[PDB]
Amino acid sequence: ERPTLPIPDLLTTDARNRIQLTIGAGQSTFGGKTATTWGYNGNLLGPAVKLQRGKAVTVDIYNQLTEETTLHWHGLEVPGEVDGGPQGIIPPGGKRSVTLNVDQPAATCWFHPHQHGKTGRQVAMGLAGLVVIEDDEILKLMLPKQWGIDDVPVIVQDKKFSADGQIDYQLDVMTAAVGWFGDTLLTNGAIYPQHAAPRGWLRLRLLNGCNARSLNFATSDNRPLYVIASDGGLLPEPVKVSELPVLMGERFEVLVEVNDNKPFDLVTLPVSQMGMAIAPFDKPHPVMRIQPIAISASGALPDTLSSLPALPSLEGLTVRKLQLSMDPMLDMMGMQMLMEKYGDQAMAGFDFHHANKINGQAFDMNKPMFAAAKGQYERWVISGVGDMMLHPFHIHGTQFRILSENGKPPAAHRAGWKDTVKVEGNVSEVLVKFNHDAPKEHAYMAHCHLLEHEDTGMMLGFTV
């Protein structure tokens, strides 16, 4: 389709090693209809902050909203002081600065709000940005690297809009149970955009930034995707796939071939997740149109990308159980509202504000559930046995290794560095290590990244 894919600005440090982000309301147009939206350095979404491993930057964050917000760097291994969870309040009109010393490998991470009880609304209203972490190793690989030509961020999100055009967000009994999801699919903000890519290798940095909707990327003509990276960065070698399931807040980088003059789309396939299979997501849905052009691209697909550390021996490692639950009365009413609204289509494949839980407790921001060890591998066992909802479980402060994802060894493209693991009626195990500290006043969060679950209790705080 006609409008070109918007390309987030690649924001680097200035002469004082500073970067400025302004958080503001603005306006966007979706299918001819204007809507109030929120953005970083803009009306909608945000820039791609570019960082170099081992080099420090100060970020000056200005809240130009009229409500409180927080700024979290999802995927970044930083102290709890700069991590920007629910306790990282930036008052409206106020300025807060954080020093980040990046000490992890090349990876596409991202940033987004983490306001207590309202994170779902603030992301839905428009707030997300990328983080391009670079190191010495990755630049040696000669991957596609022309930002916005053959190296393009692709941030995919759904939205629901009112008859008047305004984003129609609500945290109610239905969305607390099944999540906020919509009928309009957005790609860097645009409805079904087009991208001119040169012949050879196209590098796509995929981010699922939907609140609650899982995706599954493929191509319309079924040309393969070569996955080169996960949440925490480079896989050891490429993993070649026909389709790519992505959970809320997960990133993958893929190279895809642009070989003839023939256009093709990037698409998302229907998922079996409650609520998410209603038309138009009952069939393959286009994400963006790739349009070959002949201009110069020398990007490469290496045989060998990186070498990752080995999984540690499990013996002696501390084990932490995290039992995710939902009040069954939220479950019921939730699925009933869903049934009322949409009907049988919804199934293709009491304060509800504290109804979602971990270890029998809705998130309390004052009482960290535990102190985790520093610089020592632990094994966390996260169970969703007891309900049928999807829970992409996420841990701040870390890139971990999945030992077991929902009852099975992880797929090859998911066995490298991840910050999210799937939990859905089964149990997952991960090998977590924290290299930085987080006091109780600025605790790390562990939580479901189905944002409406997070906002109604499915989060805990922990210290290091």
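Note that residue numbering begins at 1 and tracks the sequence as displayed. Under this definition, the rigid core comprises the largest set of C-alpha atoms superposing within 1.5 Å between the forms.
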- Item | in 7 other deposited structures of this protein, rigid core aligned: more displaced of 308 to 316 and 69 to 77 by C-alpha RMS | 308 to 316
- Task: Return whichever of 127 to 135 or 253 to 261 has the larger RMS Cα deviation from the displayed form in 7 other deposited structures of this protein, where every structure is aligned on the rigid core.
- Result: 253 to 261
- As the entry stands, the deposited residues without coordinates between residue 375 and residue 376 add up to none
- Do the C-alpha atoms of 187 to 195 or of 332 to 340 have the higher average B factor in the entry? 332 to 340
- Message: Quick check: 258 to 266 versus 215 to 223, which has the larger average CA B-factor in the record?
- Response: 258 to 266
- Task: Would you mind finding, among 97, 242, 104, 296, the residue with the largest C-alpha temperature factor in the entry?
- Result: 296
- Task: Could you check 234, 130, 202, 346 and tell me which one carries the biggest Cα B-factor in the deposited entry?
- Result: 346
- What third of the chain, by the recorded C-alpha B-factor, contains residue 75? lowest
- Ranked C-alpha temperature factor of residue 403 among modelled chain residues, by third: middle
- Grab the CA temperature factor for residue 55 from the record and place it in the lowest, middle or highest third of its chain. highest
- Query: Considering only modelled residues of the same chain, in which third does the CA B-factor of residue 253 rank: lowest, middle or highest?
  - Reply: lowest
- Note on the structure: So, residue 149's CA B-factor, relative to its chain, sits in which third? The lowest
